[PDB]
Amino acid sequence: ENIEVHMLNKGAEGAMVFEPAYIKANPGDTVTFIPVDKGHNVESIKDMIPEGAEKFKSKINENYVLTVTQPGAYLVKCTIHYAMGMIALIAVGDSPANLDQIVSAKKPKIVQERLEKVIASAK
């Protein structure tokens, strides 16, 4: 199945957000990122995707279809607005083995707070 995600300048959680910011998917699903506001992209974060997965980076303002195969958790960002907290978490399959590692990893304090809300007030 397909899961559609919007990239927005402003949303429920504030400025520069992905909606939804928590995405549950199964191997073989697709995640479609739609730039409803311009100035955004999607890129996988170094060491914050499962082992075996390839990294990716889309073009600014492009509609991007991501096919997820390897199970685990994926933290993705908007390259442009990562420092302002623009991130989304994709969880592929149940009990993603690297999720605690991702939560502990080093990242901007604004992104850390949003990530904690996605796993709490999101799952």
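Throughout, we count residues from 1 along the sequence that is shown.
Between 15-23 and 102-110, name whichever shows the higher mean Cα B factor according to the PDB entry.
So the stretch with the higher mean C-alpha B-factor is 102-110.
Which has higher Cα B-factors on average according to the PDB entry: 66-74 or 52-60?
Comparing 52-60 with 66-74, the higher average CA B-factor belongs to 52-60.
With respect to the C-alpha temperature factors reported in the PDB entry, which of 31, 91, 83, 97 ranks highest?
Top of the list by C-alpha B-factor: 83.
Would the CA B-factor of residue 3 place it in the lowest, middle or highest third of its chain?
As the PDB entry reports it, the C-alpha B-factor of residue 3 lands in the lowest third of its chain.
Report the third (lowest, middle or highest) to which the CA temperature factor of residue 87 belongs, ranking only the modelled residues of the same chain.
Lowest third.
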